[PDB]
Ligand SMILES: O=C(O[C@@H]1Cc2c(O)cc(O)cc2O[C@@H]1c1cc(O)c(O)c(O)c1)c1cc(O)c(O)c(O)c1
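Take a look at this single chain in structure tokens; it is the form deposited without this ligand.
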């Protein structure tokens, strides 16, 4: 049908049809009389999977022969979403499969909807890992993603009476056609026990053993015949009254049972610590085994790079030391040199409550040898600090890996910096903040360690897959090369005054909005006006992300309409979605508030279809692929200095939405690339927040001086949005008035004014679209291909390649 989806050749279509029928018969054990749509999905998935296999085997064989430096990306989260369409895109099979299925009397799009999301992540950090795997394969790097195969991913969110309910995400129920179990490569992981000191070094004995069984998933590069591996570990009990002993095997296997959904607040739970060590110990054994199958660990850093996705796999540092010292019998200093040159650490937040600080007593019981190694690392590190800054006793306590207090804790971030040759933030402003504030002491000691690597997204999933209409109109003008070289989008600037292109851009957006408007009715029974401005804020629910500020604007628009009903206003559909961490009370209250506002606004006859407020249920990767292409306005309104980067922001920019946002995280670089004239920038900068903190933030001041703000708080307090429970939102009002860490009121005025300017531009479709073109055209920097090339050259010491491997 469309050019970017590849050729539908006579031989390929015929071959796909017959392999489809073979799988339906032999693999699923069905015939056309009993087969359900789910059966058809699986037959197609198996058919597409077959095309990966040859390439997968020869890619790994190629790495064995060429022996390049291997990249190991360690993460507790891989937020993969669906695999079928992505695989078709990367193999150039989409049109052929669409044709083959059409001839069998099936709709491929309908079959795609059957696939479960692989929801093995919370949000941005997990999705970054997924985009990174795609880019590493596309750039021909010998890269492996290592994590945990959770049998339950991020919970499915149900909204019941306006409240979030959590439901188990049983994503493996019907099977996963993409993974291959590798029980033959099972490895032991040790827990508890105690340390003995012999004449020949320390020995970790009397341990409990849990088995780590790998499952391999193929990661295809974009049309280069490269297929890399994501290896996820599953926990298994070893085989050695009777009934209870068998039933107690569950305790060992609980390690890989469920993803921790708490992305706001560090909890210090033993099971989470077990998960972190489990992935680290199994992965490092696998790495060392592969390295030996090429005795001298001097070349270890020449052949291995380990990237730590936040501090979650930070135990890699003392585990590598443990193996090198205790098992390989290397001396401390040489083992340390190897460890530092091998490891690199990526930080994803500056918020102190999110930072991992493990109680010493927990590490003492679970990982006694690792604690001893951490103490030794700390002693030697502090000796270096003391020699560099003699007499600076406070610096010593500030930089210690061991934090003092009621409970002694290990600061995992300090451990990561000490044991890594590179530390990076995820956007320029974030990386600067690391050097100036939370890691200032470390920067002063080792300035060379600190880098920036601004985040990106893959344009395969986030343009070609989810927005084929836009990908096509772009390809018509500038060809197809931009898909793996997104900087080529700049060529679109010479079309900003092209009347045909302006019309095509706006048409693609309109089609996307109608498509999503119909999706909302068919699956959720909600009616929206597709002519309205689609105002979208989708991301996890956090106080810092300021969904509450959005809520205040919504109520402001409603109150203005009620005050002057017969005045024209630009119609809006305000959509907010995202999950709240199960333990986060305030975030759960925020969801309730959103739905409560919707209940009043959506049923006011005076409002009509001029304003609609919808809470987008169960926001996840598959939903993002639908809503983002449909959006007109992207809300990126975190308090300056709090969102390390954001990546949702980049997805919207690539897909033809304009951005209203603060100068926070990657928003700064986005505005810089597009030009500030082409962004809706408002609010305090980082410096303004700092000034207000020195003064002391007093919310009462804003309440007293802004009558429109006062009215909203009075409505919240009095029970306007909750007639049956008048004090329902007292916690929210209290926080806003007395305990607001994120200064919602301080940005309110400028936010509302800026929103008026958005409405003004939307009244002029031609000038709106021209600004959109200026955004899409400058979004190239935010490809994860760029990000990964920077990691490769500046951290891992490897060269990317767009050259294809020979096709089987």
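Residue numbers count along the first chain shown, from 1.
Below, we refer to the form solved in complex with this ligand, which is not included among the displayed structures.
*asked:* Only one of these stretches, 715 to 723, 548 to 556, 157 to 165, 511 to 519, has heavy atoms within 4.5 Å of this ligand in the entry with it bound; which one is it?
replied: After filtering at 4.5 Å, what remains is 511 to 519.
*residue 206 within 4.5 Å of this ligand in the entry with it bound, heavy atoms*: Flag for residue 206 set to no.
*residue 626 within 4.5 Å of this ligand in the entry with it bound, heavy atoms*: Yes, contact at 4.5 Å.
*asked:* Test of understanding: in the entry with it bound, would residue 109 fall inside 4.5 Å of this ligand by heavy atoms?
replied: Close contact exists here: in the entry with it bound, residue 109 approaches this ligand to within 4.5 Å, heavy atoms only.
*Even though this ligand is not shown here, does residue 113 get within 4.5 Å of it in the entry with it bound, heavy atoms only?*
Output for residue 113 is yes: heavy atoms within 4.5 Å of this ligand.
*asked:* Give me the residue from 523, 331, 481, 499 that has a heavy atom within 4.5 Å of this ligand in the entry with it bound.
replied: None of the others qualify; the residue that does is 523.
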